[PDB]
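The data below hold one chain only, encoded as structure tokens and taken in the form deposited in one PDB entry.
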């Protein structure tokens, strides 16, 4: 008969999955696969929190596929190596994927499409990771992605309204389509543990961001309910991970960005009684869309050299200073607490991202945004290659049409956000004995207060790695020199 395979990569969900929906129709068998390769050289920068989140996403998909008398098939290796084997072993004639706009993904999928055509396999590709067809955005702009956010808002406003999200895969949708299964299915296709991937899980606590579609849909309800109770304002509690947080689920595809969009539009129309909401309503959704669009045709989006849209800034190379930043031992408790939360949990507030990005690049250390991006790629759960690269370029003053002239204070920003320093004490236990007057600048604490706090600066917690007033004055001057001769730094 017609034997079909749906290939999960992103879109780790059964709701709003047009590719899986189309693949099942007219099919006699269906197998959903995820191709996992934790040893891939190109994935050497993936942190353990990302691996854990993904594995929890796969367990949730497997559990939800159980409800449809199916299972997830987890397969080890590289798609180019695995798919020809599967095409023959399973006699596959249909393969479905959610479209991937990112350059590496487009390249991989082009190769797989060639293997499928060679094997007599029809390839079904449907767009569902983004709100729009990004290629249509670019065509509407004249063939180039809009290089500014409000130009992007202009084009998007002129587009056709979004079509309804695809129906969720139910028993009545599967119909006669079945999944051939064996009693030993877990031995060959089961979802592995972190330990089974060779990871020592020593030092791991319960995940602050549990993966999966079930979690995402539960959080979506809470998120809308809280919104039922304009751009929000950050306070101290905003720094903590929220049970209403959706951002990692949108990144992995646990939550459909189109479903989220429609639920937001639905809620707005109920409270504000009109169908033309402020683009404010969608929060980061269009920033998300903006960076996917800017990156899709730029294979060097994550680089400075050879990247046509990036300002060629002469950053310093300082591996020791970069390591202090990445490992949260800069000696600035505000910076270190943020980098510690990021490493421990996999999410930090957007304004905390601005703070540590400024400190590393244009503000204090004058280290390339490429190096910050690599660290964030390792640890951050909610930012794809396209969004990470674009965000680091924009925030480091590396885009020609976005400048920041105010340098974040690595003491005052934290003190102004959380005056008592509860955030510091939560993530930097060595500093817990310091009173609020010194918690953001413990080097200013007299020797007696340090001894009482059982924390000698330079012994138990490092001294501040730079003099911020001097470093920022020099770096503000350097950035002013660059933008005074901006065209000279065009590649």
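Residue numbers count along the first chain shown, from 1. Think of the rigid core as the biggest set of C-alphas that the two forms share within 1.5 Å after superposition.
The same protein also exists as the form deposited in another entry; that form is not shown, yet it is the one meant from here on.
Superposing the two forms on their core leaves just one of 407, 259, 138, 92 with a Cα displacement of at least 2 Å between this form and the one not shown, namely 407. Once the rigid core is used as the reference frame, the Cα position of residue 113 differs between this form and the one not shown by less than 2 Å. Here residue 187 counts as shifted, since its C-alpha moves by at least 2 Å between this form and the one not shown after the core is aligned.
Put the two forms on the same core and the Cα of residue 273 is off by 2 Å or more between this form and the one not shown. In the other form, the Cα-Cα separation between residue 403 and residue 361 grows by 3 Å or more relative to the displayed conformation. Note: the CA-CA distance for residue 76 and residue 183 contracts in the other form relative to this form, by 3 angstroms or more.
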